[PDB]
Structure formats: C-alpha cells, structure tokens
C-alpha cells in the first residue's frame, strides 16, 4: 500500500514569500511560475528515524534511495511511496521519507530538506501535496552590439569567447554539465536552465553577433567580477575588435570592428 506524493515547485518574485500549504491542499501557485527541471532524491529514512525518533534531525546518512525525480513543465513530480517500511532491525513501521533537492533551477536557491511520516493527510483526490520553497536569487546579464566602426551599422556573424581573471574561458552546459550547441545572439541561460563553467580556451563557448549585432547572456552570479570579451571569428574585411573588459551589470555596450584598410 502506497500513497502518491505530488511535489510542486513554484517560483515567486524575490520579495514574496508564499504561506505554507498543508498536504491536503491543492494549490495552483496563484502569483507564481512553475519551475521545471529541478532534481530531487527521496530518501527512505525509516531506519534512521526509528533508531531514535526524538533524536531525528533529518539525517539521510546510509538511507536507501526511495526514488529520484525531476520537475516537469507544471513544476511537478509525482511518486508512489510505501506507507510502511522496515526499521534497521527488520520490524515494520510507519515509513519516513526525506526530500532532498540535488539540482536547483538556474536563478533559484535550493530548498531546505524536509521529511514526513506516512500515511499523511491527503487531499480529496487521495494525493499528498508538498510545496518546497525555492527562493529566487538575483542574477546579472550583459549584452554587446557588434558594429562597423565606420558606418556604425550592426554587424552579424562576429564570434567571441569570454575569459575571467584566471585566464579561463566560459563554456555553457545544460543542467547536467553536458555540452550544448549555442547559436547566435543573446543566450537566455535562465530560460534554458543552463550553467556557466570555466574551461580551457579551446573548449569554450563561442558567442556570435546575430542579425541585429547582438550577443551576450544572462545568469551571471555577480556584478563585481571583471570578464573580457575576446574576438575569435572576425568578419572578412574587418580588423579584429580590441578586447573588451566588462562586468555583468545588466548594460548593453557597443564593440567596434574597423574595416581593414587597403592602401594604393
């Protein structure tokens, strides 16, 4: 015999803190966005808890994994969990499960570990609803516009890498650290749940000016670190732009390409 636990993950604006909801309440998150792609592990902490209930403070050391999941488009994951489980000596007991977030959405803090005993109070549909709190964190962005220095018109197709003070270069990955194919223009790290990593120059992500000259990204952690945009692919007939120091301060600024001179 199992109970269905439905976990729903909602993001609110930075200074809005949702009221807790009981397990028997179906809440639509009025005022929030569902958070997709958030990874959880559910630990079977029955044995840890029943070793000494009054001393239990959320340890999942040595606890078996009861399930793993990832939130879908509705911010949800659903898992059927046995309402009874064995303690360490093999005696059956009311099951206890601990929910541990292993991979938050880009732009969000992780939620705190929580745990519950089954059977839990269920809503009218028989499901047990939990709503872990993911607080939005401030992140920063930067946009560049590539232009022809002489005409001042926007220039498409110019390639750049971004370096930090250690001489490492930015490579975007997906939520699991795998390579992604990054196209032209401004890269919405937050919308795609990407990650910023720092690697050798030859493994770095190339950012490319689009038809409006634009490139850049969001999802930087701070606005105090200095990075450098370095030209790597120069449109034929131009001289390479000079390196551009910047901070992720949410600004747009221009990068100029001088037409190469032809003398007589």
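Residue numbers count along the first chain shown, from 1.
J.: If you average the CA temperature factors over each stretch, which comes out higher, 215 to 223 or 199 to 207?
T.: Taking the mean C-alpha B-factor of 215 to 223 and of 199 to 207, the larger value falls to 199 to 207.
J.: Looking only at CA atoms, which has the higher mean B factor in the entry: 141 to 149 or 177 to 185?
T.: Averaging CA B-factors over each stretch, the winner is 177 to 185.
J.: Considering only 111, 79, 85, 193, which residue's Cα atom bears the greatest B-factor as recorded?
T.: Top of the list by C-alpha B-factor: 111.
J.: Splitting the chain's C-alpha B-factors into thirds, which one does residue 91 fall into?
T.: Its C-alpha B-factor belongs to the middle third of this chain's values.
J.: Taking the entry's C-alpha B-factors for this chain, is residue 105 in the lowest, middle or highest third?
T.: Middle third - that is where residue 105 ends up once the chain's C-alpha B-factors are sorted.
J.: Would you check the entry's CA temperature factor for residue 52 and let me know if it's in the chain's lowest, middle or highest third?
T.: Residue 52: CA B-factor falls in the highest third of its chain.
J.: Lowest, middle or highest third: where is residue 127 by C-alpha B factor in its chain?
T.: Its C-alpha B-factor, which the entry lists for residue 127, ranks in the middle third among residues of this chain.
J.: Lowest, middle or highest third of the chain for the C-alpha temperature factor of residue 244?
T.: Highest third.
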